[PDB]
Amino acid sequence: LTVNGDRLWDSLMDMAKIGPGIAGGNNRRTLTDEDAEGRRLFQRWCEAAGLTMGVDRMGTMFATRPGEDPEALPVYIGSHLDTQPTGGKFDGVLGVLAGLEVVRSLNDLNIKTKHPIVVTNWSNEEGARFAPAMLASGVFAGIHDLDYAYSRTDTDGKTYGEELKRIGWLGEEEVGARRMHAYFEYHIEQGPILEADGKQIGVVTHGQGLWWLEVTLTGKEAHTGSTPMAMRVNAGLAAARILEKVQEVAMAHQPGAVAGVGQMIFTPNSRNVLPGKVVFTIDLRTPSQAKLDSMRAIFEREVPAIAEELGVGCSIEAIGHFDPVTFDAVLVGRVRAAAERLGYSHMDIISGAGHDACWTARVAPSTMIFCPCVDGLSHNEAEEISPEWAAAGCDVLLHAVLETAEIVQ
């Protein structure tokens, strides 16, 4: 049994035509008109494949294929259609549309299952327009209330909840109200491991835990000409030395830990004035609870000490956190076995990023499947997979789901 990879591929290219970016990728941020366009197209496809559409109060979309057991809970296949402003075509979209290809493959064969199958598009997974990321799955898994989620505002000062109403995807359903037999998410690695190790299938075992530590450094705004070295209070240098320490800390915890900085903000950011304020986020991740606690403790001690070294003030706010996630070992094994059975090359991998699956794992037996991506490139328009990679993992998805939903024939 396999999926129609050509049909999968075509769907990916059709969805990529909505909210196209500036370089062959996508800018289809959550709750834009472009996102509404993608939602509608997906719904059209879902209906054409015999699925009934449910929508929750966060706008998550649940497309149900009936099971033959009316008491059986559904096997959910989820991801997200929303993208980064420099979005790739495959991040998120692959998982959603793989779920759709699974259905279509089951419809082609008239397969009946005991469990219903529900293909799921989570609202605002990316957290690019409204933070946090994984916002709708967050409410679903009880991580935060609807109120909190609704009040998230974008860089235009519009709220999530207003925008959700504006495009008319404020659904009827209570968020978190569905119980899942199981949850699968198929996604690109967003990293270079599978490609570099030549593996078609990443058997996701865990998701790495993280802290986002937002560091605000307070310097003295001082002309870089007229201020002698000995009288500088240099928040940019402090930031710099902290970035070194972050690298040193990450390296002391190898293997299987990361830390680094993506976002750095100097104020005023003039060429001839030392910053009054420097803000940055230390992103530290590991599947190892001990390493995550250890890096976080180290940062809490050393970051202000490095600031203090330069007379720079320092406050640290935890703006993101979850502990390492263990995917359901039975579902993991199904994915591993299916990859073996299908003759695909495969390895076990840690999910480096968070996904909606990391939240569903709290309320439901959850796992993920990875396919490779070229050069580990993600969150960028040049993000690439082959149709062969797309289909390989969708095949593993088909098998793992069908084993879980249970074929009636």
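Just count from 1 along the sequence shown to find any residue number.
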Stretch exceeding the other in mean C-alpha B-factor - 176-184, 158-166: 158-166
Segment of higher mean CA temperature factor, 387-395 or 18-26: 18-26
Top residue by Cα temperature factor, when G352, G343, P372, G38 are compared in the entry: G38
Highest-ranked of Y150, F322, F90, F299 once sorted by CA temperature factor in the record: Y150
For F130, the third of its chain into which the C-alpha B factor falls: highest
Record-listed C-alpha B factor of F280: chain third: lowest
CA B-factor placement of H206, once the chain's modelled residues are sorted into thirds: lowest
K112, C-alpha B-factor rank within chain (lowest, middle or highest third): highest
Relative C-alpha B-factor of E214, binned into the chain's lowest, middle or highest third: lowest
